[PDB]
S.K.: 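My questions will all concern the structure given below.
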Amino acid sequence: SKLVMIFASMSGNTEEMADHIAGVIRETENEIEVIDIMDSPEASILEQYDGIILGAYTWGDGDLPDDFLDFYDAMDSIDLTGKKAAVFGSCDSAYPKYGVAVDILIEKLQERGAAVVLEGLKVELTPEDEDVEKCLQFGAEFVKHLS
Ligand SMILES: Cc1cc2nc3c(=O)[nH]c(=O)nc-3n(C[C@H](O)[C@H](O)[C@H](O)COP(=O)(O)O)c2cc1C
Ligand SMILES: OC[C@H]1O[C@H](O)[C@H](O)[C@@H](O)[C@@H]1O
C-alpha cells in the first residue's frame with residue numbers, strides 16, 4: 001500500500017516522532033512519503049494514498065500550528081472515505097489544552113470519511129526511550145490495519 005505522513009515540528013520533537021514512525025513503517029512492504037508542513041503540501045494529495053498519518057504539535061490556546069491552517073481548511077473539500085488514518089504529536093502539560101492539535105486533526109479526518117484506526121498518540125516534549133517505543137508500536141499497529 002502507499003502511505004503519506006504530513007507532520008509539523010518547530011523544535012524537533014514531533015519531527016523525531018515522525019522519523020521513527022515512518023522508519024518503522026518503511027521496513028514493511030508499503031511505501032511511505034514523509035512531508036513537512038513547512039513544504040506546503042496541498043490537502044488534495046491525501047486522496048491519492050491508502051493510509052494517512054498526520055503529526056502536529058499544539059500551539060497557542062490549543063490551536064493547530066499556524067502552518068497547518070491552510071491545509072486544515074482545504075481538508076473540507078477532500079474525500080477520504082475508505083482511507084486508514086492516524087495522528088500523533090508532541091505536547092506540553094504546562095498548557096491546559098494538552099495535545100489538542102492531535103484531537104482536532106483526528107476530528108477532521110473523521111469528518112472526511114477516513115477510518116481512524118488508532119487513538120491519538122501524545123508524547124510530552126522530547127521523546128524518551130519509552131516514548132520512542134510507543135512510536136514503534138504506533139507504526140506497527142498502523143500497518144496491521146492496512147490490507
Ligand atoms: C506559544 C506556544 C504555545 C503552545 N501551546 C500549547 C498548547 O495549548 N497545548 C500543548 O499541549 N502544547 C502547547 N505548546 C507546546 C508545544 O506543543 C511543545 O513544546 C511541543 O513539544 C512542540 O513540538 P515540536 O518540537 O514538534 O515543535 C505550545 C508551545 C508554544 C511555544
Ligand atoms: O467536499 C465538500 C462536501 O464533501 C462531502 O460531500 C461532505 O460530506 C460534505 O459535507 C461537504 O460539503
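Whatever order the structure lists them in is the order used to number ligands and atoms, beginning at 1. Counting from 1, the numbers follow the sequence of the chain as shown. What's counted below: heavy atoms across the whole structure, side chains too, no hydrogens, waters or symmetry copies.
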S.K.: How long is the straight-line distance from CD1 of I6 back to CG of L54, given to the nearest 0.5 Å?
M.R.: 6.5 Å
S.K.: Can you confirm whether more than 12 heavy atoms, excluding those of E119, are under 6.0 Å from its CD atom?
M.R.: no
S.K.: Which atoms of ligand 1 sit under 4.0 Å from any heavy atom of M10?
M.R.: 24 (P), 26 (O), 27 (O)
S.K.: To check your reading of the model: name the closest protein heavy atom to atom 2 (C) of ligand 2, its residue, and the distance in Å.
M.R.: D76 O, 3.4 Å
S.K.: Hey, does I78 have a side-chain heavy atom less than 4.5 Å from the side chain of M75?
M.R.: yes
S.K.: Any atom of ligand 2 sitting under 4.0 Å from a heavy atom of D79?
M.R.: no
S.K.: Which atoms of ligand 1 are found less than 4.0 Å from any heavy atom of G60?
M.R.: 3 (C), 5 (N)
S.K.: Heavy-atom pairs closer than 4.0 Å: do any link ligand 1 to the side chain of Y95, the backbone, both, or neither?
M.R.: side chain
S.K.: Could an N or O of ligand 1 be found under 3.5 Å from any N or O of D92, whether backbone or side chain?
M.R.: yes
S.K.: Around atom 13 (C) of ligand 1, find the nearest protein heavy atom and jot down its residue, atom name and distance.
M.R.: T58 O, 3.1 Å
S.K.: Which residue and atom name correspond to the protein heavy atom nearest atom 22 (C) of ligand 1, and how close is it?
M.R.: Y57 CB, 3.5 Å
S.K.: May I ask you to identify the nearest protein heavy atom to atom 8 (O) of ligand 1, giving residue, atom name and distance to one decimal place in Å?
M.R.: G62 N, 3.2 Å
S.K.: Look only at interatomic distance and state if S11 has a nitrogen or oxygen under 3.5 Å from any nitrogen or oxygen of ligand 1.
M.R.: yes
S.K.: Taking the six-membered ring for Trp, are the ring centroids of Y95 and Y98 within less than 6.0 Å of each other?
M.R.: no
S.K.: Measure the OH-CD distance between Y49 and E33 for me, rounded to the nearest 0.5 Å.
M.R.: 4.0 Å
S.K.: In Å and rounded to the nearest 0.5 Å, what is the CG to NZ distance from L118 to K84?
M.R.: 12.5 Å
S.K.: Nearest 0.5 angstrom please: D131 CG to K122 NZ, how far?
M.R.: 14.0 Å
S.K.: So that I can tick it off, tell me whether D103 and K97 are bridged by a salt bridge, with the cut-off set at under 4.0 angstrom between side-chain N and carboxylate O.
M.R.: no
S.K.: Find all atoms of ligand 1 within a distance of less than 4.0 Å from any non-hydrogen atom belonging to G99, and give their numbers and elements.
M.R.: 10 (C), 11 (O)
S.K.: Name the closest protein heavy atom to atom 31 (C) of ligand 1, giving the residue it belongs to and the distance to 0.1 Å.
M.R.: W59 CZ3, 3.4 Å
S.K.: If you measure every N/O of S90 against every N/O of ligand 1, is any gap under 3.5 Å?
M.R.: yes
S.K.: Does ligand 1 come near enough to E15 that some N or O of the ligand is less than 3.5 Å from an N or O of the residue?
M.R.: no
S.K.: Does ligand 2 have any atom sitting under 4.0 Å from a heavy atom of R112?
M.R.: yes
S.K.: Do protein heavy atoms approach atom 12 (O) of ligand 2 to less than 4.0 Å?
M.R.: no
S.K.: Just distances here: any N/O of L125 and N/O of ligand 1 closer than 3.5 Å?
M.R.: no
S.K.: Is the CD atom of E128 crowded by more than 12 outside heavy atoms at less than 6.0 Å?
M.R.: no
S.K.: If I compare all heavy atoms of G99 with all of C91, which pair ends up nearest, and what's the gap?
M.R.: CA-SG, 3.4 Å
S.K.: Using the side-chain contact (heavy atoms from CB on, under 4.5 Å) rule, pick out the option among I37, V34, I21 that qualifies with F7.
M.R.: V34
S.K.: Distance to 0.1 Å, residue and atom name: give those for the protein heavy atom nearest to atom 9 (N) of ligand 1.
M.R.: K97 O, 2.9 Å
